[PDB]
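Novice: Quick one: the structure is below, questions incoming.
Every read-out reported here was derived from the displayed coordinates using simple, explicitly stated rules and does not represent laboratory data. Here Cβ is always computed from backbone atoms with ideal geometry, including for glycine, and neighbour counts include all displayed protein chains.
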Amino acid sequence: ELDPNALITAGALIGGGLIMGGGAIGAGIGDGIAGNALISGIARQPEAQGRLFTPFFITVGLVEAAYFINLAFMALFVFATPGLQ
Amino acid sequence: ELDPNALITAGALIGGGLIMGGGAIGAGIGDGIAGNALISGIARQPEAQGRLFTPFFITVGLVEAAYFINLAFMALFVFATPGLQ
Amino acid sequence: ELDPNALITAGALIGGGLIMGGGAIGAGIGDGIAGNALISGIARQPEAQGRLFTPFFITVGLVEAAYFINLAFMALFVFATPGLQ
Amino acid sequence: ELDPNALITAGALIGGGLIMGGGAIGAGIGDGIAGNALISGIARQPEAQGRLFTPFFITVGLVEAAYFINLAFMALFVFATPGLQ
Amino acid sequence: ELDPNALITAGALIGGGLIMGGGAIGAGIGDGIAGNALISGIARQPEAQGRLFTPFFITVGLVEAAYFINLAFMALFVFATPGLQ
Amino acid sequence: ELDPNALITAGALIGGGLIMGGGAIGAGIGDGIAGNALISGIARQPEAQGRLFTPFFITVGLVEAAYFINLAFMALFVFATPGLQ
Amino acid sequence: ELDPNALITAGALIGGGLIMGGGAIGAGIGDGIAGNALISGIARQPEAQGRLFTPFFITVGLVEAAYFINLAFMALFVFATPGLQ
Amino acid sequence: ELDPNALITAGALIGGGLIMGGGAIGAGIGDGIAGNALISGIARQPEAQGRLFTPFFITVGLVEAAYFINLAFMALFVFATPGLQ
Amino acid sequence: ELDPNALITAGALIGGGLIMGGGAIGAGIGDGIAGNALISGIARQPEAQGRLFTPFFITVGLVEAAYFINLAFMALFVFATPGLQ
Ligand SMILES: COc1nc2ccc(I)cc2cc1[C@@H](c1ccccc1)[C@@](O)(CCN(C)C)c1cccc2ccccc12
Ligand SMILES: COc1nc2ccc(I)cc2cc1[C@@H](c1ccccc1)[C@@](O)(CCN(C)C)c1cccc2ccccc12
Ligand SMILES: COc1nc2ccc(I)cc2cc1[C@@H](c1ccccc1)[C@@](O)(CCN(C)C)c1cccc2ccccc12
C-alpha cells in the first residue's frame, strides 16, 4: 500500500525532471545561439577573433549559470526533498 | 496511508519544477539571443565594444529578473507552500 | 486521509506553476529578442539611437505586462483558489 | 474524502494554467519579435518611424488578441467551470 | 464519492487547455514572425506598403485558422465532451 | 464509482489535446516562417514573385499536412479510442 | 472499478499524444524553416531554382523522417501497447 | 484490481513519449535550420554545392545522433522497463 | 495492489523522460544553430574556414555536455532512483 513519501518523492522526481529538461533546453539553444554569432563574426573578420572571445564567454557564462543553478535545485528536489514526511 | 499534505506537497514540487524549468528556458535562450547581437556588433565594429555592453546589460538585466523572480516563487511553492494544511 | 482541498490545491500549484513557467519563457525570450534589435541598432547607428529606446521600452512594456498579468493570476490560483471548498 | 468537484476543479486549474502559460509564451515572444522589426526599421530609416507604427500595432493587436481570448477562456475554466457537478 | 464523468471532465479540461495553450503559442509567435517581415519590408521600401499587406494577410489567415480550429475543438472537448458517460 | 473507460477516455482527451496543441504550434509557427520569406521576397523582387507562391504553397502544404494528420489522429483518440473497454 | 489495462492504456494514449504533438512541432517548424530558405533563395536568384530543389528535398526528407518514425511509434503505443496486461 | 506494473508501465509509456516527442522537436527543427543554411549557401553560390554538403552532414549527423539515442532510451523504457516489478 | 515503489518508479520514468526530452530539444536545435553558422561561414569564406571548426567544436562541446549530463541524471533517476523505498 502507498505512503505519503511515495507521492512526495514521485512529485519530486517529476519536478526535478522539469527543472533539468528546461535547463538543457535553455542551455543547448542558448549556447548554440552564442556560438553561432562567434562563428559568424570570425568568418566575417577572422582577426576579430581575440576580441570576440570575451563577449562569447560572458554570454555562455550567463547561459551556463541558469543550467547550473537549475541543476542545484534538481539536486535539492530529489536528494533532500523539501516537505518530505 | 496518504494524508492531504502529501498530495499538496507533490503538486508544489511539480509546480516549482515548471516555474524553474520555464525560467531556465527563458533565461538561457534570452541571454543567448542578447549575446548574439553583442558578439556580432563587436565583430562588425571592434571599437563599439564599450558602447554595446550598456544595452546588453540592460537586456540581460530584464531576462535575469524573470529568472530570479521565478526562482523566488519556486522557493515559496516548495519551502512555504500556500495551501498547506 | 485525503480531503477535497488537497487535490484542488495540488491542481492550483500545478496550474500556477504553468502560468509562471510560461510567463518567464515569453518574457526571457521576448526581451532577449527586443534587446538584440536594440544592441544591433545602437551598433549600426550610434547617433540617432535615442529614437530606439522608445520603441524598445514599448516592446518591453508589452512583454512585461504579459509576465506580470500571469504573475497576478498565479497569485490568485495559489492564494485565492477559485473553486476551493 | 474526495468528491467529484475536487477532481473537476483540479483539472480546471491545470487546464487554466495551460491556457495562460501558452498565452504568455505566444504574446511575449510574438511582441518581442514585432518590436524587434520596429526597432530595426527605425534604426535603418529613422524617418520611416511614422509609417512603421501602423504595421506594428496591427501585428501586436493580432498577437494580443490571442493572449486576451486565452485569458477569457482561462476565466471560464476556473470561475465557471464547464461540466462542474 | 468520485463518478466516471468527474474523471472524464477533468481530462477534458486539461486537453482543452493543451489545445488552446498550443494554439496561442502558434498564433502569437506565427503572427509576430509574419509581422516582422511586414514591418521590415515597409521600412526598407515605404511605397511597398500596399503590396506587402496581401501576402501578410494570407499568412495571418493561415496562422489564425490553426488558432480558431483549435478553439472549436477545445469547445467540443469542454462543452460536448466525447466519451462522457 | 469510477470505471475503466473513465480513466481511458481521460487519457484519450489529454492525448488528443497534446496532439492538437502540438499541431497548432507547428502550424502557426511553420506558416508564419514560410510567409515571412514570401513577404520579404515580394518586397525585394515584386516582378518575379509569381515564382515564389509556388514554393510557398508547397511549404504550407507540408506544414498543413502535419496539422491535419494530427487532427485525424486526435479524432481517432477521442471518437474511436484505441484500447477502449 | 478500474483494472490494470485502464491505467496502461491511459498512459499509452498520453504517451502517443506526446509523440505526435512533438512530431508536428518538429515537422511544421522544420519544413517552414526549410521552405523559408527555398523561397528566399529563389527570390534572390530566380534561376537558382533548379539547383535548390535537391537540397530542399533532402532537408524535408530528414524532417519528415522524424515525423513518420514518431508516427509509427505512436501507432505501436496505442494499437499494440507494449506492457499491456 | 490495479497492480504495481500497471502504474510503472503507464509511467514508462509517458516517459517514452516525452523522450521521442522531445527527440522529434529537436531533430526536425535542428535539421530544418541546418538545411536553411545549405539551401541559402547554394542559392548564393551554386558552385559551393559540394563544399557545403560536408558541414551540412556533420551537422545533421549531430542532430540525428540526439534523435536516435533518445529512440534507444525510449525503447529501453517501454520494452525493458527499469524498475518493473 | 499498488506498493510505494510503483508510484516512485512511475515518477522516476516520467522525470527521466522530461530530462531526455529536454536534452534532445536543446541538443538538436543548439547543434543545428551552430552548424547553420558553420555552413554559412564556409560558404562565405572557403579559405579561412579552418579557423571556424574550432569555435564550432567548442559550441557543440557545450551543447553536447548539456545533453550528456542530462543523460547521466536520467540514468540515475531510472537505475538508482533517489528516494526509492
Ligand atoms: C494591448 O492590450 C490589449 N490588446 C488587445 C488586443 C486585441 C484584443 I481581442 C484584446 C486586447 C486586450 C488588451 C489588454 C486589455 C485591455 C483592457 C481590458 C482588457 C484587456 C490586455 O489583454 C493586454 C495584455 N497583454 C499586454 C499581455 C490586458 C489584459 C489583462 C490585464 C491588463 C492590464 C493592463 C494592460 C493590459 C491588460
Ligand atoms: C512527404 O511525405 C513523407 N515523407 C517521408 C520521408 C521520410 C520518411 I522515413 C517517411 C516519409 C513519409 C511521408 C508521408 C507518407 C507517405 C506515404 C505513406 C506514409 C507516409 C507522411 O508521413 C508525411 C507527413 N508529413 C507531411 C507531416 C504522411 C504520413 C501520414 C499520412 C499522410 C497523408 C498524406 C501525405 C503524407 C502522409
Ligand atoms: C562551463 O561550465 C560551467 N559553467 C558555469 C558558469 C556559471 C555557473 I553559476 C556555473 C557553471 C558551471 C559549469 C559546469 C561545472 C563545472 C564544474 C563544477 C560544476 C559545474 C557545468 O554546469 C556545465 C554544464 N553545461 C555544459 C551544460 C557542469 C555541470 C555538471 C557536470 C559537468 C561536467 C563536465 C563539465 C561541466 C559540468
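Novice: Is one or more of the residues making up region A:29-37 more than 30 Å from I:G16 (Cα to Cα), over 8 Å from the mean Cα position of the chain (by Cα), in a helix (DSSP H, G or I) and not charged (D, E, K, R)?
Specialist: yes
Novice: Let me ask something else about it. Please go through region D:1-58 and pick out each residue that is touching a residue at least 40 places away in the same chain (Cβ under 8 Å) and of a type in the set (V, I, T).
Specialist: Those that are touching a residue at least 40 places away in the same chain (Cβ under 8 Å) and of a type in the set (V, I, T): D:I8, D:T9, D:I19.
Novice: Could you list, in sequence order, the residues of region H:21-64 that are β-branched (V, I, T) and buried (at least 23 other Cβ atoms within 10 Å of the Cβ)?
Specialist: Matches in region H:21-64: H:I25, H:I29, H:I33, H:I39, H:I42, H:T59, H:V60, H:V63.
Novice: I need a count of the residues in region H:7-61 that are acidic (D, E) and at the interface with chain I (Cβ under 7 Å from one of its Cβ atoms).
Specialist: Summing the residues that are acidic (D, E) and at the interface with chain I (Cβ under 7 Å from one of its Cβ atoms) in region H:7-61 gives 1.
Novice: Among the listed residues A:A48, A:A75, A:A27, identify the single one that is more than 16 Å from ligand 2 (Cβ to nearest atom) and touching an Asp or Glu at 6+ places or on another chain (Cβ under 8 Å).
Specialist: Among A:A48, A:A75, A:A27, only A:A27 is more than 16 Å from ligand 2 (Cβ to nearest atom) and touching an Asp or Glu at 6+ places or on another chain (Cβ under 8 Å).
Novice: If F:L18 meets every condition in (1) under 15 Å from E:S40 (Cβ atoms); (2) among the aliphatic types (A, V, I, L, M); (3) surrounded by 24 or more Cβ atoms within 10 Å (Cβ to Cβ) apart from one, which number is that one?
Specialist: Single failed check for F:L18: (1).
Novice: Given (1) more than 15 Å from ligand 3 (Cβ to nearest atom); (2) surrounded by fewer than 24 Cβ atoms within 10 Å (Cβ to Cβ); (3) of a type in the set (V, I, T), where does A:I69 come up short, assuming only one miss?
Specialist: The failed condition is (1).
Novice: Among the residues of region A:54-76, write down those that are closer than 19 Å to B:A37 by Cβ and touching a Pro at 6+ places or on another chain (Cβ under 9 Å).
Specialist: A:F56
Novice: On to the next question. Need pairs with beta-carbon distance below 7 Å; first residue part of a helix (DSSP H, G or I) and within region G:61-73, second away from ligand 1 (no atom under 16 Å from the Cβ) and of a type in the set (S, T, Y); sequence gap 6+ or separate chains.
Specialist: Short answer, once both residue conditions are applied: G:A66/H:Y67.
Novice: Looking only at region C:75-85, count every residue that is more than 8 Å from chain D (Cβ to nearest Cβ) and either surrounded by 22 or more Cβ atoms within 10 Å (Cβ to Cβ) or of a type in the set (K, R) (or both) and tell me the total.
Specialist: Looking only at that region, the number is 1.
Novice: Which of the residues spanning region A:1-15 are surrounded by fewer than 24 Cβ atoms within 10 Å (Cβ to Cβ) and part of a helix (DSSP H, G or I)?
Specialist: A:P4, A:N5
Novice: Scan region D:38-49 residue by residue and report those that are in a helix (DSSP H, G or I) and more than 16 Å from ligand 1 (Cβ to nearest atom).
Specialist: Residues satisfying the conditions are D:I39, D:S40, D:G41, D:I42, D:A43, D:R44, D:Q49.
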